[PDB]
Amino acid sequence: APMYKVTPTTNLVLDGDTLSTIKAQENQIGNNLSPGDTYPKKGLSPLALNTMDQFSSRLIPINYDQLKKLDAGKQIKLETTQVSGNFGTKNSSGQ
Amino acid sequence: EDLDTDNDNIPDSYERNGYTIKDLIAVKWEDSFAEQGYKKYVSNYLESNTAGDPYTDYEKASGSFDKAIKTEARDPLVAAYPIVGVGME
Amino acid sequence: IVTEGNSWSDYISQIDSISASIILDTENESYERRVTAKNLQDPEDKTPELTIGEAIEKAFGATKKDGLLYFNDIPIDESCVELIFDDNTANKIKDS
Ligand SMILES: [Ca+2]
Ligand SMILES: [Ca+2]
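As recorded in the PDB entry, chain C goes by ADP-ribosyltransferase binding component and comes from Clostridioides difficile.

Per the PDB entry, chain A carries the name ADP-ribosyltransferase binding component and comes from Clostridioides difficile.

This is the structure in structure tokens:
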């Protein structure tokens, strides 16, 4: 089934430490997601998740001791915890 | 005849065989109507929105919607649907 | 009188698509009007037919004196004013 207004929540983990959990803002909400499809659709480019506050006016910071291992050959991982969306029904008129 | 299932203003046999809208009512299609500028419409008699757009078969066929919609979207089989896009300069 | 929730943007496109725009440019004042046209392709378009003279008479509220339209006292007859069209209107009016 499709999901309208996809608003996932993701975690960023460096070694065993969850750097931050960010809910999708208005910049990173997908209006349509049909089964078997993807957002952005195939042939486009991935969307950038680079804000952490509710109104998308604050970047995601990391520590100096975290950046030190980030530049020392260690990678970060992303885990999705939950996704919230909508479904379509007909009202009393027909819309 | 007069049976209507999808509950629009167009009967079953009219949608199944062919109809045209004149004077805001649906009538059977006759081939002599073509030279007056009328069009033949066929729809789905079990669905109220054949194309899936917000407007029903009657609204599309009779042109009873937003007047800015192009006249080639008035037949039920063609959807009224925008393809808005963005380009950078 | 309620003026909240009544937007002109809902009627801008529906009006621009079935009308012709006429702009009368007098001295130190300008007017712009939209007059409803008629589609001859659609047999169910019962909009009354109008000529350019009647459109100009209706849009700006001009009154005839001897068959020639006057705005207030300024002659607006086609032989007393300068008419400017775009390429599309000029092509559609030269053949008619
Ligand atoms: Ca029906
Ligand atoms: Ca139908």
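Right, picking up where we left off after that structure.
For this particular structure, what's the right way to read the arrangement of the chains?
Contacts between protein chains span two pairs of chains, and they are most numerous for chains B and C. Between chain A and chain C there is no contact, and the shortest C-alpha to C-alpha separation is 19 Å.

Help me understand the packing of aromatic side chains in this model?
To describe a pair of aromatic rings, you give the distance between the ring centres and the angle between the ring planes. All names here are of chain B. Overall, the coordinates contain five aromatic pairs over all chains when judged by the stated rule. Between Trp29 and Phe33, the ring centres sit 6.3 Å apart and the planes meet at 70°, which makes this aromatic pair edge-to-face. On the basis of relative accessible area, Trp29 is assigned to the buried category, the value being 18%. Taking 5.9 Å as the distance between ring centres and 55° as the angle between the ring planes, the aromatic pair formed by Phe33 and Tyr38 counts as tilted. With respect to burial, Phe33 and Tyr38 carry one shared label: buried. Ring pairing ties together the aromatic residues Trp29, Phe33 and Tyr38, which thus form one cluster. The ring of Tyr45 carries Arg16 above its face, with NZ or CZ at 4.6 Å from the centroid. Positioned above the aromatic ring of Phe33 is the side chain of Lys22, whose terminal nitrogen or guanidinium carbon lies 3.9 Å from the ring centre.

What is the right way to look at the coordination of the calcium ion (ligand 1) in this model?
Metal coordination angles have textbook ideals: 109.5 degrees for a tetrahedral set of four donors and 90 or 180 degrees for an octahedral set of six. Residue and element names in this part refer to chain B. Every protein donor of the calcium ion (ligand 1) is listed here as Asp4 (OD), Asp6 (OD), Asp6 (OD), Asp8 (OD), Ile10 (O) and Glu15 (OE), and their distances to the metal cover 2.2 to 3.1 Å. For the calcium ion (ligand 1), the six donor atoms in the first shell make angles of 46 to 166° at the metal, a pattern classed as irregular. Read N to C, the donor residues that coordinate the calcium ion (ligand 1) are spaced as D-x1-D-x1-D-x1-I-x4-E. For the pair the calcium ion (ligand 1) and the calcium ion (ligand 2), the metal-to-metal distance amounts to 4.6 Å, and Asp6 bridges them. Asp6 sits in the buried class, given a relative accessible area of 10%. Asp8 sits in the buried class, given a relative accessible area of 11%.

Help me out: how do you make sense of the coordination of the calcium ion (ligand 2) in this one?
Residues and elements named next belong to chain B. Taken together, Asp6 (OD), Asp8 (OD), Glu15 (OE), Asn44 (O), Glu47 (O) and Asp57 (OD) make up the full set of protein donors to the calcium ion (ligand 2), lying 2.3 to 3.2 Å away. One can describe the donor arrangement at the calcium ion (ligand 2) as irregular, given that its six donor atoms subtend angles of 60 to 159° at the metal. Along the chain, the residues donating to the calcium ion (ligand 2) fall in the pattern D-x1-D-x6-E-x28-N-x2-E-x9-D.

Help me out: how do you make sense of the pairing of strand β1 (residues 4-13) of chain A in this one?
Along any regular strand, the residues point their side chains to alternate faces of the sheet. Residues and elements named next belong to chain A. Burial analysis of β1 places seven of its ten residues in the buried class, which makes it a mostly covered element. Where β1 meets strand β2 (residues 18-23), five bridges bridge the pair, whose relative direction is antiparallel. When the bridges of β2 are listed, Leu12 appears paired with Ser20. Turn length for the β1-β2 hairpin, with the two strands adjacent in sequence and antiparallel, is four residues.

Each value, and the rule that gives it
Residues numbered from 1 in each chain as written, not as in the entry; some residues may be left out. Chains lettered and ligands numbered in written order. Part of a larger assembly, values for the part shown. Heavy atoms only, no water. Contact = heavy atoms within 4.5 Å. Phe/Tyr/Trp six-rings, centres within 6.5 Å; stacked < 30°, edge-to-face > 60°. Buried < 20%, exposed > 50% of the residue type's maximum accessible area, 1.4 Å probe, protein only. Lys NZ or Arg CZ within 6 Å of the ring centre and 35° of its normal. Donors = N, O, S within 2.8 Å, 3.2 Å for Na, K, Ca; no water. Tetrahedral: all angles 85-135°; square planar, octahedral: opposite > 155°, others 65-115°. Helix = DSSP H or I, 4+ residues; strand = E, 2+ residues; numbered from the N terminus. Pairing = 2+ DSSP bridges.

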